[PDB]
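File shown here: structure_21.cif, holding mmCIF, C-alpha atoms.
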data_entry
#
loop_
_atom_site.label_atom_id
_atom_site.label_comp_id
_atom_site.auth_asym_id
_atom_site.auth_seq_id
_atom_site.Cartn_x
_atom_site.Cartn_y
_atom_site.Cartn_z
CA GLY T 1 21.89 218.73 7.68
CA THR T 2 20.27 216.04 5.53
CA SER T 3 19.11 218.05 2.51
CA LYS T 4 22.08 217.51 0.18
CA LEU T 5 22.01 213.83 1.17
CA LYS T 6 18.35 213.56 0.15
CA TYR T 7 19.16 215.30 -3.14
CA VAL T 8 21.90 212.76 -3.90
CA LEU T 9 19.54 209.86 -3.06
CA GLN T 10 16.62 211.17 -5.14
CA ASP T 11 15.67 208.45 -7.62
CA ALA T 12 18.87 206.54 -6.80
CA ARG T 13 19.31 202.78 -7.05
CA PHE T 14 20.71 200.89 -4.07
CA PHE T 15 22.72 197.66 -3.79
CA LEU T 16 23.68 195.62 -0.73
CA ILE T 17 27.40 194.77 -0.73
CA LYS T 18 28.60 191.94 1.54
CA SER T 19 32.33 191.67 2.28
CA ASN T 20 33.94 188.66 3.93
CA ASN T 21 36.34 190.77 5.99
CA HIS T 22 36.93 194.26 7.35
CA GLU T 23 40.23 194.64 5.47
CA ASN T 24 38.50 194.95 2.11
CA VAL T 25 36.11 197.62 3.37
CA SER T 26 39.05 199.50 4.90
CA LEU T 27 40.80 199.41 1.50
CA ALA T 28 37.66 200.68 -0.24
CA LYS T 29 37.39 203.53 2.28
CA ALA T 30 41.05 204.52 1.85
CA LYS T 31 41.28 204.24 -1.95
CA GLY T 32 37.71 204.95 -3.09
CA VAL T 33 37.38 201.75 -5.13
CA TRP T 34 35.33 198.56 -5.18
CA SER T 35 35.46 195.32 -7.14
CA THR T 36 32.92 192.51 -7.33
CA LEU T 37 32.26 189.24 -9.11
CA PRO T 38 31.31 189.47 -12.81
CA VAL T 39 27.60 188.71 -12.25
CA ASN T 40 27.33 191.73 -9.96
CA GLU T 41 29.71 193.82 -12.08
CA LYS T 42 27.33 193.54 -15.03
CA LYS T 43 24.36 194.57 -12.89
CA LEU T 44 26.18 197.59 -11.44
CA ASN T 45 27.35 198.78 -14.87
CA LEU T 46 23.78 198.57 -16.18
CA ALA T 47 22.56 200.53 -13.14
CA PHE T 48 25.26 203.20 -13.49
CA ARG T 49 24.11 204.13 -17.00
CA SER T 50 20.42 204.14 -16.00
CA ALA T 51 20.25 206.16 -12.76
CA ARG T 52 21.27 209.54 -11.35
CA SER T 53 23.04 207.84 -8.42
CA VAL T 54 23.92 204.19 -7.71
CA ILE T 55 24.53 203.63 -3.99
CA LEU T 56 26.46 200.69 -2.48
CA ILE T 57 25.64 199.88 1.15
CA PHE T 58 28.40 197.81 2.76
CA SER T 59 28.19 195.09 5.42
CA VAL T 60 31.03 192.88 6.67
CA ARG T 61 29.86 189.29 7.20
CA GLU T 62 29.34 188.36 10.88
CA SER T 63 29.82 191.96 12.07
CA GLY T 64 26.15 192.65 12.76
CA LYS T 65 26.54 196.08 11.20
CA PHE T 66 26.69 198.11 8.03
CA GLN T 67 30.00 199.98 7.66
CA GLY T 68 28.85 202.87 5.48
CA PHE T 69 27.67 203.70 1.98
CA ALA T 70 29.16 205.15 -1.22
CA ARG T 71 28.09 206.38 -4.66
CA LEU T 72 29.49 204.94 -7.89
CA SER T 73 31.43 207.57 -9.82
CA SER T 74 32.35 205.34 -12.80
CA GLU T 75 31.64 202.07 -14.54
CA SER T 76 34.08 199.23 -13.90
CA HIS T 77 37.47 199.49 -15.63
CA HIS T 78 40.49 197.20 -15.91
CA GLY T 79 44.19 198.01 -16.01
CA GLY T 80 44.44 200.42 -13.06
CA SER T 81 46.66 200.28 -10.01
CA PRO T 82 46.15 196.76 -8.57
CA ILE T 83 44.37 196.44 -5.24
CA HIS T 84 45.62 193.87 -2.72
CA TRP T 85 42.23 192.58 -1.65
CA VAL T 86 41.98 189.73 0.85
CA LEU T 87 40.30 187.15 -1.31
CA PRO T 88 38.25 184.09 -0.18
CA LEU T 89 37.15 189.27 -10.15
CA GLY T 90 36.08 191.91 -12.68
CA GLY T 91 36.96 195.55 -13.13
CA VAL T 92 37.33 198.30 -10.56
CA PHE T 93 34.59 200.83 -9.81
CA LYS T 94 35.54 204.24 -8.50
CA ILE T 95 33.31 205.32 -5.61
CA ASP T 96 32.78 208.43 -3.48
CA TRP T 97 31.97 207.75 0.14
CA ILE T 98 28.83 209.40 1.48
CA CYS T 99 29.07 207.99 5.02
CA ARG T 100 31.97 206.12 6.63
CA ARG T 101 30.17 205.52 9.96
CA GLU T 102 28.68 202.20 11.05
CA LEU T 103 25.02 201.33 11.63
CA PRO T 104 24.02 198.28 13.72
CA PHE T 105 21.43 195.91 12.23
CA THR T 106 19.36 196.41 15.40
CA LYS T 107 18.52 199.90 14.11
CA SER T 108 17.38 198.67 10.66
CA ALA T 109 14.96 195.99 11.91
CA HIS T 110 11.89 198.00 10.84
CA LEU T 111 12.97 198.11 7.15
CA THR T 112 12.05 195.28 4.76
CA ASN T 113 13.21 194.92 1.15
CA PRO T 114 10.41 194.13 -1.37
CA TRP T 115 12.98 192.83 -3.86
CA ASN T 116 14.09 190.14 -1.35
CA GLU T 117 10.69 188.73 -0.26
CA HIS T 118 10.21 191.59 2.26
CA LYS T 119 12.93 190.15 4.48
CA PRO T 120 14.77 192.61 6.76
CA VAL T 121 17.08 194.74 4.63
CA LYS T 122 20.17 193.35 6.42
CA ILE T 123 19.36 190.00 4.75
CA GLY T 124 20.57 189.54 1.20
CA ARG T 125 23.30 188.06 -0.94
CA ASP T 126 26.17 190.22 -2.15
CA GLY T 127 24.73 192.43 -4.90
CA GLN T 128 21.04 192.25 -3.86
CA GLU T 129 19.16 195.31 -5.08
CA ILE T 130 17.28 197.29 -2.42
CA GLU T 131 13.99 198.95 -3.42
CA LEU T 132 14.07 202.77 -3.58
CA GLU T 133 12.07 203.60 -0.45
CA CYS T 134 13.75 200.95 1.71
CA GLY T 135 17.18 202.06 0.50
CA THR T 136 16.50 205.74 1.07
CA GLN T 137 15.29 205.14 4.62
CA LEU T 138 18.26 202.87 5.34
CA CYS T 139 20.76 205.51 4.25
CA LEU T 140 18.98 208.16 6.32
CA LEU T 141 19.38 205.99 9.46
CA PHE T 142 23.19 206.18 9.46
CA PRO T 143 24.80 208.68 11.83
CA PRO T 144 25.79 211.89 10.04
CA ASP T 145 29.36 211.89 8.68
CA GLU T 146 30.46 215.49 9.17
CA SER T 147 33.79 214.76 7.48
CA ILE T 148 32.14 214.54 4.02
CA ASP T 149 31.05 217.43 1.78
CA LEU T 150 28.43 216.37 -0.75
CA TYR T 151 28.93 219.51 -2.87
CA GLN T 152 31.46 217.75 -5.11
CA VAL T 153 29.31 214.61 -5.38
CA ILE T 154 26.31 216.67 -6.52
CA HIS T 155 28.40 218.16 -9.33
CA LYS T 156 29.12 214.67 -10.72
CA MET T 157 25.40 213.93 -11.14
#

Represent the structure of the file as structure tokens.
Amino acid sequence: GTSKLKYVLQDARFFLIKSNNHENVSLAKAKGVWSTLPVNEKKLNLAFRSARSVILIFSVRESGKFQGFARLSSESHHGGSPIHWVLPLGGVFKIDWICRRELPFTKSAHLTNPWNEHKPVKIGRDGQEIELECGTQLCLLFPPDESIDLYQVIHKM
């Protein structure tokens, strides 16, 4: 169903994450981690303290798709196990995946983001915030990921 998903997204904040390659998203999906440039790191840390859920929605540049979405489970921290990103960096955020399935941009064409001049939600720099209603509807468009159990995510809220 979609009910636990809606509960997790209630009053969440949403951020568009743009990755230059698939390898980094694959690493994030396998290890449950993300890292971003300091300007976005500071914004995500502020959001994590201020909201019940902070949701990252991932898109690989040139792919024409989103690759899934995840919820922050920590602020950024240094000194952990190093991650061999493919680089073109601040701390590491732990994340719990909510959906690991892809969504083509063709299916999000009816959603515009008020915080980016009402451009289609697919358009945005890495770290662009997505307004609550746009972000909720975007997450609800993804195919259901029946491999994930949101019971444990709910307990971290």

*List as a PyMOL selection string: which residues have an atom within 12 Å of (30.4, 203.6, 4.5), counting only C-alpha atoms?*
chain T and resi 16-17+22+25-30+32+34+55-60+65-71+95-103+139+142-145+148

*Write out as a PyMOL selection string the residues lying within 10 Å of stretch 6-12 of chain T, counting only C-alpha atoms and excluding same-chain residues fewer than 5 positions away.*
chain T and resi 1+47-48+50-55+71+98+131-133+135-137+139-140+150-151+153-154+157

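With distances restricted to all atoms listed in the file, T:31 is the closest residue to residue T:81 from T:49, T:31, T:42, T:107.
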
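Relative to atom CA of residue T:90, atom CA of residue T:36 is found at 6.2 Å.
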
*residue T:117: which residues within 12 Å, counting only C-alpha atoms, same-chain residues fewer than 3 positions away excluded, as a list in words?*
residues 112, 113, 114, 120, 121, 123, 124, 128, 129, 130 and 131 of chain T
